[PDB]
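Below is one structure, written out as structure tokens; comments come after it.
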Amino acid sequence: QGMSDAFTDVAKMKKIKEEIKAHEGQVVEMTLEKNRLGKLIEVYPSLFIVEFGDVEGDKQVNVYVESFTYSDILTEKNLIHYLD
Amino acid sequence: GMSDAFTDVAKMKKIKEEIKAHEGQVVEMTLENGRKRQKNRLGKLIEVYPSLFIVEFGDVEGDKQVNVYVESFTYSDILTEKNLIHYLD
């Protein structure tokens, strides 16, 4: 007895890409497996871009931009949560 | 001694101006290494931000590629000549 179809790499990757695209322009909470809030400023086919340091509740002196691959999420290197 | 045209402050101001002015248009870029430029690429300057800019490669006529991808660059990357850039009309 194993994780359902919902947890195959192909299913999970499909969901990750969908969820990221759907949240473009909105706030995300992200970790490095020190949590940060960022704005999802750009979403592209092979990468996405987050601006950190200027979200209310997580304001920092340094405002910077970081790119992530979808693999960063799939592999659980970085965890992401989509804030409404 | 090179003139004030080539001080870091001068060059940074010009880089930022040139990128801002060229948003939406085509750039030619290549990595600094030897005299004979290798693997030059054409891309569209699709976004300009305060700390960086974003180029889409692979869909410019004359340099079309199977894979279309974006890459971001800092203004420091250009200032320090890690990547070379030219603004095509």
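Sequence lines set the chain letters: A, B, ... in the order given, protein chains first and strands last, and positions in each chain run from 1.
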Closest approach of A:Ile49 to B:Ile54 (non-hydrogen atoms, all atoms of both residues): CD1-CD1, 3.6 Å
Is it the case that one hydrophobic cluster holds both [X] and [Y], taking links as side-chain heavy atoms less than 4.5 Å apart, direct or via other members?
| X | Y | result |
| --- | --- | --- |
| A:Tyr70 | A:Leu40 | yes |
| B:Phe57 | A:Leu47 | no |
| A:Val43 | B:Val48 | no |
| A:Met13 | A:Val28 | yes |

A:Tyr44 side, atom OH; B:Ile46 side, atom CD1 - distance, nearest 0.5 Å: 3.5 Å
Heavy-atom contact with chain A under 4.5 Å, split by part of B:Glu71: neither
